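For reference, work_23.cif is printed below; it contains mmCIF, N, CA and C atoms.
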data_structure
#
loop_
_atom_site.group_PDB
_atom_site.id
_atom_site.type_symbol
_atom_site.label_atom_id
_atom_site.label_comp_id
_atom_site.auth_asym_id
_atom_site.auth_seq_id
_atom_site.Cartn_x
_atom_site.Cartn_y
_atom_site.Cartn_z
ATOM 1 N N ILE A 1 0.530 9.435 2.990
ATOM 2 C CA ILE A 1 1.393 8.566 2.197
ATOM 3 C C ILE A 1 2.095 7.539 3.077
ATOM 4 N N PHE A 2 2.289 6.340 2.538
ATOM 5 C CA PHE A 2 2.951 5.269 3.273
ATOM 6 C C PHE A 2 4.445 5.237 2.962
ATOM 7 N N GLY A 3 5.178 6.202 3.507
ATOM 8 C CA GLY A 3 6.609 6.267 3.276
ATOM 9 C C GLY A 3 7.003 7.450 2.413
ATOM 10 N N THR A 4 7.047 8.634 3.018
ATOM 11 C CA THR A 4 7.410 9.846 2.297
ATOM 12 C C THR A 4 8.736 9.675 1.565
ATOM 13 N N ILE A 5 9.683 9.008 2.213
ATOM 14 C CA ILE A 5 10.995 8.774 1.621
ATOM 15 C C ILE A 5 10.873 8.037 0.292
ATOM 16 N N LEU A 6 10.117 6.945 0.295
ATOM 17 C CA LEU A 6 9.918 6.149 -0.912
ATOM 18 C C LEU A 6 9.102 6.921 -1.945
ATOM 19 N N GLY A 7 8.008 7.527 -1.494
ATOM 20 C CA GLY A 7 7.160 8.290 -2.391
ATOM 21 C C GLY A 7 7.918 9.385 -3.116
ATOM 22 N N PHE A 8 8.861 10.010 -2.418
ATOM 23 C CA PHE A 8 9.659 11.082 -3.001
ATOM 24 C C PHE A 8 10.309 10.629 -4.304
ATOM 25 N N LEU A 9 10.747 9.375 -4.335
ATOM 26 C CA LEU A 9 11.389 8.817 -5.520
ATOM 27 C C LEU A 9 10.520 9.019 -6.757
ATOM 28 N N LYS A 10 9.236 8.699 -6.629
ATOM 29 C CA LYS A 10 8.296 8.847 -7.734
ATOM 30 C C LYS A 10 7.840 10.296 -7.868
ATOM 31 N N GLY A 11 7.675 10.968 -6.733
ATOM 32 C CA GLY A 11 7.244 12.354 -6.747
ATOM 33 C C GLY A 11 6.375 12.702 -5.556
ATOM 34 N N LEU A 12 5.062 12.634 -5.742
ATOM 35 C CA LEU A 12 4.119 12.946 -4.675
ATOM 36 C C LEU A 12 3.192 11.766 -4.404
#
Produce C-alpha cells that represent the structure in this file.
Amino acid sequence: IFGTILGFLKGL
C-alpha cells in the first residue's frame, strides 16, 4: 500500500 496511514482512513 502507498501510505498505510492514509489507507487506514478507508480501511485496507
Filtered DSSP result for chain A, state helix (DSSP H, G or I), as a VMD selection string: chain A and resid 4 to 10
Where is the centre and how long are the edges: axis-aligned box on chain A, 5 Å on each side, Å to one decimal, as lines of an AutoDock Vina configuration file:
center_x = 6.0
center_y = 9.1
center_z = -2.2
size_x = 20.9
size_y = 17.7
size_z = 21.4
What's around residue 1 (chain A) at 8 Å? Count only N, CA and C atoms, leave out sequence neighbours fewer than 4 positions away in its own chain, and write the answer as number ranges by chain. A: 5, 7, 12
Reconstruct N, CA, C and O atoms of chain A; output as a PDB file, in the coordinates of the input.
ATOM      1  N   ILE A   1       0.530   9.435   2.990  1.00  0.00           N
ATOM      2  CA  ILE A   1       1.393   8.566   2.197  1.00  0.00           C
ATOM      3  C   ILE A   1       2.095   7.539   3.077  1.00  0.00           C
ATOM      4  O   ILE A   1       2.456   7.826   4.218  1.00  0.00           O
ATOM      5  N   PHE A   2       2.289   6.340   2.538  1.00  0.00           N
ATOM      6  CA  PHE A   2       2.951   5.269   3.273  1.00  0.00           C
ATOM      7  C   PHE A   2       4.445   5.237   2.962  1.00  0.00           C
ATOM      8  O   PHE A   2       4.920   4.359   2.243  1.00  0.00           O
ATOM      9  N   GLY A   3       5.178   6.202   3.507  1.00  0.00           N
ATOM     10  CA  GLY A   3       6.609   6.267   3.276  1.00  0.00           C
ATOM     11  C   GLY A   3       7.003   7.450   2.413  1.00  0.00           C
ATOM     12  O   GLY A   3       7.263   7.298   1.219  1.00  0.00           O
ATOM     13  N   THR A   4       7.047   8.634   3.018  1.00  0.00           N
ATOM     14  CA  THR A   4       7.410   9.846   2.297  1.00  0.00           C
ATOM     15  C   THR A   4       8.736   9.675   1.565  1.00  0.00           C
ATOM     16  O   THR A   4       8.894  10.138   0.434  1.00  0.00           O
ATOM     17  N   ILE A   5       9.683   9.008   2.213  1.00  0.00           N
ATOM     18  CA  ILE A   5      10.995   8.774   1.621  1.00  0.00           C
ATOM     19  C   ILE A   5      10.873   8.037   0.292  1.00  0.00           C
ATOM     20  O   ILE A   5      11.453   8.449  -0.715  1.00  0.00           O
ATOM     21  N   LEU A   6      10.117   6.945   0.295  1.00  0.00           N
ATOM     22  CA  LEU A   6       9.918   6.149  -0.912  1.00  0.00           C
ATOM     23  C   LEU A   6       9.102   6.921  -1.945  1.00  0.00           C
ATOM     24  O   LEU A   6       9.457   6.968  -3.122  1.00  0.00           O
ATOM     25  N   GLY A   7       8.008   7.527  -1.494  1.00  0.00           N
ATOM     26  CA  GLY A   7       7.160   8.290  -2.391  1.00  0.00           C
ATOM     27  C   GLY A   7       7.918   9.385  -3.116  1.00  0.00           C
ATOM     28  O   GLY A   7       7.656   9.661  -4.286  1.00  0.00           O
ATOM     29  N   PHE A   8       8.861  10.010  -2.418  1.00  0.00           N
ATOM     30  CA  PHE A   8       9.659  11.082  -3.001  1.00  0.00           C
ATOM     31  C   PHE A   8      10.309  10.629  -4.304  1.00  0.00           C
ATOM     32  O   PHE A   8      10.412  11.398  -5.262  1.00  0.00           O
ATOM     33  N   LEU A   9      10.747   9.375  -4.335  1.00  0.00           N
ATOM     34  CA  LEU A   9      11.389   8.817  -5.520  1.00  0.00           C
ATOM     35  C   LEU A   9      10.520   9.019  -6.757  1.00  0.00           C
ATOM     36  O   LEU A   9      10.999   9.458  -7.802  1.00  0.00           O
ATOM     37  N   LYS A  10       9.236   8.699  -6.629  1.00  0.00           N
ATOM     38  CA  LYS A  10       8.296   8.847  -7.734  1.00  0.00           C
ATOM     39  C   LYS A  10       7.840  10.296  -7.868  1.00  0.00           C
ATOM     40  O   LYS A  10       7.642  10.794  -8.976  1.00  0.00           O
ATOM     41  N   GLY A  11       7.675  10.968  -6.733  1.00  0.00           N
ATOM     42  CA  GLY A  11       7.244  12.354  -6.747  1.00  0.00           C
ATOM     43  C   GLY A  11       6.375  12.702  -5.556  1.00  0.00           C
ATOM     44  O   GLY A  11       6.882  13.032  -4.483  1.00  0.00           O
ATOM     45  N   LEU A  12       5.062  12.634  -5.742  1.00  0.00           N
ATOM     46  CA  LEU A  12       4.119  12.946  -4.675  1.00  0.00           C
ATOM     47  C   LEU A  12       3.192  11.766  -4.404  1.00  0.00           C
ATOM     48  O   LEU A  12       1.991  11.942  -4.204  1.00  0.00           O
TER      49      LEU A  12
END
